[PDB]
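Residue numbers (the entry's author numbering), protein chains in the order written: chain BE, 2 to 261; chain BX, 2 to 145; chain BY, 69 to 135; chain BJ, 2 to 186; chain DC, 422 to 632; chain Be, 2 to 61.
Just so it is clear, CB atoms sit at the ideal spot from N, CA and C, and this is done for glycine as well.
Following: one structure in structure tokens, then a few remarks.
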Amino acid sequence: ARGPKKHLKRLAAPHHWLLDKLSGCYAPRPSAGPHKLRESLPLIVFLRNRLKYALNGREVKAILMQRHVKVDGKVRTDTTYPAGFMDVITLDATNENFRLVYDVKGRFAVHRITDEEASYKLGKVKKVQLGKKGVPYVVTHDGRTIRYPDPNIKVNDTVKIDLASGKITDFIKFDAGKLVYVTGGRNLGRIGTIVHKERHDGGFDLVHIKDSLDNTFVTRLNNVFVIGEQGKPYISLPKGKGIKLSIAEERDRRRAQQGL
Amino acid sequence: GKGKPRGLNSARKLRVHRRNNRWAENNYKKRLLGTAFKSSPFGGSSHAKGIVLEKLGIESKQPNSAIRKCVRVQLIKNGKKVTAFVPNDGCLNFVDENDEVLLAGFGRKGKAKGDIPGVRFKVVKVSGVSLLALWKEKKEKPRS
Amino acid sequence: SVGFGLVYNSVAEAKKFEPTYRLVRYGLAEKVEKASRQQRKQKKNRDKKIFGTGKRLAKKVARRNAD
Amino acid sequence: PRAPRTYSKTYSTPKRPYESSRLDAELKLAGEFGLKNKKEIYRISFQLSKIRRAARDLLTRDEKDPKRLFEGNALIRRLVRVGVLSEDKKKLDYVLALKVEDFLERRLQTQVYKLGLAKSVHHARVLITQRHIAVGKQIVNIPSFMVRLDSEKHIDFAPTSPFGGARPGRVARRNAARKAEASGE
Amino acid sequence: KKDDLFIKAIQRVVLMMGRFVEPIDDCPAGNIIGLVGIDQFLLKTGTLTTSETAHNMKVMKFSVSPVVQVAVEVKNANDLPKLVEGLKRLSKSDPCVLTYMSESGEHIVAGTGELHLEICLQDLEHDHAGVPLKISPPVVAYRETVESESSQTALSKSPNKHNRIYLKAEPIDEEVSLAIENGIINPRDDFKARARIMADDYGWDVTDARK
Amino acid sequence: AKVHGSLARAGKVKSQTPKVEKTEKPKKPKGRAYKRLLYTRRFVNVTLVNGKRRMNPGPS
RNA sequence: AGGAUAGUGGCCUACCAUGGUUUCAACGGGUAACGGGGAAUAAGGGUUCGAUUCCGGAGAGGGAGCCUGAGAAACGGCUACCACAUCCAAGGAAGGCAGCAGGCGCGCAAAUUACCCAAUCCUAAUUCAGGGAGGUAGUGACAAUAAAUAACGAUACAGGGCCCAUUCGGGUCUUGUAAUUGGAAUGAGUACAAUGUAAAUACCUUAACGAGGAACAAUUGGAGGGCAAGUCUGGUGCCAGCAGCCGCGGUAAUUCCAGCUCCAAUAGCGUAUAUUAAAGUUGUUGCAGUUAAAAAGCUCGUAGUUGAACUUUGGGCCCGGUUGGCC
Ligand SMILES: CO[C@H]1[C@@H](O)[C@H](O)[C@H](OC[C@@]23C[C@@H]4[C@H](C)CC[C@H]4[C@@]4(C=O)C[C@@H]2C[C@@H](C(C)C)[C@@]34C(=O)O)O[C@@H]1C
Numbered sequence: 002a003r004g005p006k007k008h009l010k011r012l013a014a015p016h017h018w019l020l021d022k023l024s025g026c027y028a029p030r031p032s033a034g035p036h037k038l039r040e041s042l043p044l045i046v047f048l049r050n051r052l053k054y055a056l057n058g059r060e061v062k063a064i065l066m067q068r069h070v071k072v073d074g075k076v077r078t079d080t081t082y083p084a085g086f087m088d089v090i091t092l093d094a095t096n097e098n099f100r101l102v103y104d105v106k107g108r109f110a111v112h113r114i115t116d117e118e119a120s121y122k123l124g125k126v127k128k129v130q131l132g133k134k135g136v137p138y139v140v141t142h143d144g145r146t147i148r149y150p151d152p153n154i155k156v157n158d159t160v161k162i163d164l165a166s167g168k169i170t171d172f173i174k175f176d177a178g179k180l181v182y183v184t185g186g187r188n189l190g191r192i193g194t195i196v197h198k199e200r201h202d203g204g205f206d207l208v209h210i211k212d213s214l215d216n217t218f219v220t221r222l223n224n225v226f227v228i229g230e231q232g233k234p235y236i237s238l239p240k241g242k243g244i245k246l247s248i249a250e251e252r253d254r255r256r257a258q259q260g261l
Numbered sequence: 002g003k004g005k006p007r008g009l010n011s012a013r014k015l016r017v018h019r020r021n022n023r024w025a026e027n028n029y030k031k032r033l034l035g036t037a038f039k040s041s042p043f044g045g046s047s048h049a050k051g052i053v054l055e056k057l058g059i060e061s062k063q064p065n066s067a068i069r070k071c072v073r074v075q076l077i078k079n080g081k082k083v084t085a086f087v088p089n090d091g092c093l094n095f096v097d098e099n100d101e102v103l104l105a106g107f108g109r110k111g112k113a114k115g116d117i118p119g120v121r122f123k124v125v126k127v128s129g130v131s132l133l134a135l136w137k138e139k140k141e142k143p144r145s
Numbered sequence: 069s070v071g072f073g074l075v076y077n078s079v080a081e082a083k084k085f086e087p088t089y090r091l092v093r094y095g096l097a098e099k100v101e102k103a104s105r106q107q108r109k110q111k112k113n114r115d116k117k118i119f120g121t122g123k124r125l126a127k128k129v130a131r132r133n134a135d
Numbered sequence: 002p003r004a005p006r007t008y009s010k011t012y013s014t015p016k017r018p019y020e021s022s023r024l025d026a027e028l029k030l031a032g033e034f035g036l037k038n039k040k041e042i043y044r045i046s047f048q049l050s051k052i053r054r055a056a057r058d059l060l061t062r063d064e065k066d067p068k069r070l071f072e073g074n075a076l077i078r079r080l081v082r083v084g085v086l087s088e089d090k091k092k093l094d095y096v097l098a099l100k101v102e103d104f105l106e107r108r109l110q111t112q113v114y115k116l117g118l119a120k121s122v123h124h125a126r127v128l129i130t131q132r133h134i135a136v137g138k139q140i141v142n143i144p145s146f147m148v149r150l151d152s153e154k155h156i157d158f159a160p161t162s163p164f165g166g167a168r169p170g171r172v173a174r175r176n177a178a179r180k181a182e183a184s185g186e
Numbered sequence: 422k423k424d425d426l427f428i429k430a431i432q433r434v435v436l437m438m439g440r441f442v443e444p445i446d447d448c449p450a451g452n453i454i455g456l457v458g459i460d461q462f463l464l465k466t467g468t469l470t471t472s473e474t475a476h477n478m479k480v481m482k483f484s485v486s487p488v489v490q491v492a493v494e495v496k497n498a499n500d501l502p503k504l505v506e507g508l509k510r511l512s513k514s515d516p517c518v519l520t521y522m523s524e525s526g527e528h529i530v531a532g533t534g535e536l537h538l539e540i541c542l543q544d545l546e547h548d549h550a551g552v553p554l555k556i557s558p559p560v561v562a563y564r565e566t567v568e569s570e571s572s573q574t575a576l577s578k579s580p581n582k583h584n585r586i587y588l589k590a591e592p593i594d595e596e597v598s599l600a601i602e603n604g605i606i607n608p609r610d611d612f613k614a615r616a617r618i619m620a621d622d623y624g625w626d627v628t629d630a631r632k
Numbered sequence: 002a003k004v005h006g007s008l009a010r011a012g013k014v015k016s017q018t019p020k021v022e023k024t025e026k027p028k029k030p031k032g033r034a035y036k037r038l039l040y041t042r043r044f045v046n047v048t049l050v051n052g053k054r055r056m057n058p059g060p061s
């Protein structure tokens, strides 16, 4: 309709944000950026809903403009900056380091982290090519153009970024038996280990995964994301560690907490 | 048997056969031909205003014997010269010619009810005031 | 009665990061001289017509009102 | 515009509106619990239809149904917290045996008279609504509130009430005080 | 009583400055003002109050009575609604054009003179009902009467040629005719109560009053 | 049939009916209280029990 | 093959050939058609509706053209024609509420020319400005939730209590009671006050006031059947009227008009239109065709629908997921 939309009114936002129907008519539209707005969590919803650090939009806005929040080492005063998957947050006060990762329930876990390993990030090779003058380059899923990758790299591999300089520290090839994080479908947010792989040529490859408690499943290939090897993920995992337990034990997990 | 194709791929015949036999309805034929919208005093409405032009003493049908005190109301929205029944005792003294009255259906989607020949409407209001209220003398019909 | 609470460290900063309606609520600030939303809309509309200061036409119309 | 606010009616109506066998039967209940109308005894029966519909299409399922005990025990927990089903007999057959007097008894104004202070349900709920009943420390003012079996230790006169103390009421004020002018010349 | 007492609110207050208009929130007493949104129930004249004690202000004597009569009708049958609603619309404007029906059923509008009728009718061709109307002179209703006491007793044959009824027609006194219309003698008043009160009031026998 | 029915007869019975006045009677407990008295009049003071409770038993 | 486009392409142009779709419904017509998510109904199967809270499309009176721009064939941009209409000094000029309020109309049918950016978001050079987007309030019996209209004292005793139910002159410690009699209890409302709130009006709270007929007074429909409730009193006399259908009304009307009483749902209840169920009266589930409507006069027959049987069965062994009274 005559151009790109600027208003993303409520009931059209991604459901995993968990916006309140009565709290308003519209929803914060994630501006352009590293992450597509479907899988992105804007700063306003993060800092007002996932943390309650701010009363409302003006207080979130007041925080960003004093440059007190920075994401990935950059201040990003935008209230609706498209923060998405595996996005690190730094706070000068509170000595607080956040990171945006899915929990088992397909929504962004409020997973805190520590300064030492907060300093780095992880991305997944969306494509590998070579630009002008034949300089090879890969693109991480957050649109981090990484020039001069190691030739061992391939597509759909996962690379770790210093985040102080746009440099690859270490990379992981798409090898079987390597822990993968799912970011799409009913398996969204499920951390698990590759069982094997099936090509199914023509598009939309199929991948087989077995959860830590031996909960098998299968998903696409464009929704997977390697995190490392079984027992050594290259980041800390949220409470529940992507186990997708049944629907019964949360009765146990919830009653035991308060109701004993 | 049963005279209908039970074959697994006979869906096309079943739907075509059912779609032709649905025309034998009365309601479905009316809805699909839009006879309310096309040929009906009310353009698919429930109520319609109009002007009382004269009064009709409508002799009832057998076995009854009575004068039904209907009014020849022409509908403002399409000009149709229809006859409207006037319920309740009196209520033909309450209304006169060149009033404005609100008509309603007569309870039977056409097909005049009771012993009233050819009158498929009943007057509800008059001069913008309910004829029911007038009968109970709660309000007074303005001279306007 | 159940509500919400917020305590600021300093009065000087209290006027800074506080919503302005609580400022006049607690008497810290005065409700500024402002007309109703409709009237302050009208004045910008009539100000939208004149292309700049509009004083030149103001002195212009006086001389054409002379004779 | 506005995101729609969900709303759904909580009562059904009999298909046959005028049945001698039915009308008088629920009239006994409305005359056993003083229902202001029979929209109450529908709203319970419609809820009872909605509750027992799930059992109706889940007794079809086996006893190893995750969904069966997923909500069966929890609903009984509501029923035993409220009391409409006692702490024993924790099988959903009993729920299909439950009659609305359960809910009708577990109405407040039903329980309040059972613990007196009212001498009648005629007084029980006017005391409820004349600001003279406290379920806990709070004045719950609706007869069909479905007590969760916990304010039986908290139910009493409203502490703000004259009957709960600290007030004399309007009439006792208007006559005891007016005696002073009325004491003579 | 509870008659003609509309309880509404002034939709908007406008102060008349020539043809111009402008809303006003508050207009104090003793001022010329214009009000909107209340005429649709108002009958072209009335009194506004905010307490119940008040009776109504006196009706205006109209200075000139609505003397002239003209019977208006419609060129086409389908065009009856357009003016009959707007013909009341006219009576709302001028404080003397009375709008009523005749006895044969034609609308009558009463102007205050030969000049007034034409002005209050140009609108009914352009303003209140654009579809043209036809100007007709009023038809005045007549009554037939007899005072000769028909000699030949009237008599007729029922269409079956079997039954027979004899009749005679005599005049009725105007006072008797008047008191019928004025409501002295009514169908509502019972045969026994009606017969006696008039048996002496106007010279008749006992029997005819009972009959 | 005959079509010239007479308009001059309308409202006859309503017009000539013997006028009566609504009796002044005690105001009735209404609502839940009305249901109590209705429950009561159906199960406490059942005046006519002859065979079946006549809810409107004629005076005889 | 070229041109055009951001690119593909009969998208256009030239040349070439006769192709394309169709009884599996093309094409043409109708639509009281914007599509979908959905809504109502709903045993299941379904039916009807879906302008309308979200997504998508189209439009900005009707066509048409175009500038700027990343993004428009834009219309709170422009140009022209057509319709309408506005101001006028008559020469000209200026328009597009299917934005929010409101107004002349149409109709059975639908609210304020209110307040505010406080909140949700959006735009901007952008903390601040703006936003009839939105929100607040007003009107609102659309619809939905909960529940005021009222209790305590005994009124001839017209009830198993009792001295074994006796004399019902004894508290017959409980139920009914003649507009008779007194004591608590308040809300509905009014209102200081906080407050909610951008600001208030309300809720929730509360001073103080506020009930005897508690005149602070519940209605809407019915009482022949369907269908709950009269053969009760008065009037009417095939009239008036009632009656969704049957029917009532002719001087004793359980049906009309009333009054009393009684029903029903109850702050809601009727009526009208449309539709769903009922309707197994549209039928796949699931109708009927001798006579009730319906088997073509009969045969052939293409598309359709349907279409006989037969093709590695069985038997052993092994691994490894179970209930019970040998945990
Ligand atoms: C208040 O309005 C009143 C008075 O002005 C007055 O009674 C006026 O009298 C006019 C006539 C009145 C006659 C009686 C009402 C019955 C017959 C009527 C008339 C018809 O012939 C006689 C006079 C003159 C007529 C003419 C007008 C056709 C009347 C009429 O109103 O039609 O009528 C209007 C309606």
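- The shortest C-alpha to C-alpha distance from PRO15 of chain BE to any of BE:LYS7, BE:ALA28, BE:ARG3 and BE:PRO5 is the one to BE:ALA28.
- Residue burial is scored here from C-beta neighbours: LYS109 of chain BY has fewer than 16 other C-beta atoms within 10 angstroms and is therefore classed as exposed.
- Within the model, the alpha-carbon separation for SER145 of chain BJ versus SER13 of chain BJ is close to 17 angstroms.
- Around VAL72 of chain BE, the same chain offers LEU44, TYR82, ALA84, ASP88, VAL89, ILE90 and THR91 as residues with beta carbons nearer than 8 angstroms, after the five sequence neighbours per side are excluded.
- Judged by DSSP in its simplified three-state form, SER22 of chain BJ adopts helix.
- The beta-bridge partner set that DSSP reports for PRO137 of chain BE consists of BE:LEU131.
- Taken through DSSP and simplified to helix, strand or coil, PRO502 of chain DC comes out as helix.
- Between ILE593 of chain DC and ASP621 of chain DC, the alpha-carbon positions lie close to 16 angstroms from each other.
- Within the same chain, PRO163 and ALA177 come within 8 angstroms of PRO169 of chain BJ by CB-CB distance, once the 5 residues on both sides are set aside.
- Around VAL505 of chain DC, the beta-carbon contacts reaching into chain BX at under 7 angstroms are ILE52 and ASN99.
- Two segments are said to touch when three or more pairs of C-beta atoms, one from each, lie closer than 8 angstroms; by this definition the segment 40 to 60 of chain Be does not touch the segment 57 to 73 of chain BJ.
- Counting C-beta pairs with one atom in each stretch, the segment 490 to 500 of chain DC and the segment 542 to 561 of chain DC have three or more that are closer than 8 angstroms, which means they touch.
- In this structure, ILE143 of chain BJ lies away from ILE156 of chain BJ, with their beta-carbon atoms at least 9 angstroms apart.
- Think of a sphere of 8 angstroms around the beta carbon of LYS13 of chain Be: no beta carbon from chain BJ falls inside it, the nearest being about 35 angstroms out.
- Note on geometry: alpha-carbon atoms of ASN89 of chain BX and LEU133 of chain BX lie some 8 angstroms from one another.
- In this chain, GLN432 of chain DC is not harboured by any beta strand (DSSP E), its DSSP state being neither H nor E.
- Check the Cα spacing between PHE612 of chain DC and each of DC:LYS632, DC:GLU595, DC:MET438 and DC:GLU602: the tightest is with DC:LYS632.
- In this structure, the beta-carbon distance from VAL181 of chain BE to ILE195 of chain BE falls below 9 angstroms.
- The set of residues with a C-beta under 6 angstroms from any non-hydrogen atom of ligand 1 comprises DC:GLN490, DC:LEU519, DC:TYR521, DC:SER523, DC:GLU524, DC:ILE529, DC:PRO559, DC:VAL561 and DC:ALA562, given in chain order.
- Contact between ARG69 of chain BX and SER61 of chain BX holds, since their C-beta atoms are separated by about 6 angstroms, short of 8 angstroms.
- Rounded to the nearest whole angstrom, the C-alpha separation of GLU524 of chain DC and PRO487 of chain DC is 19 angstroms.
- Note that the C-beta distance between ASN79 of chain BX and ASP116 of chain BX is not below 9 angstroms.
- Of all residues in the segment 523 to 535 of chain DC, only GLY526 and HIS528 come within less than 8 angstroms of chain BX when Cβ atoms are compared, listed by chain position.
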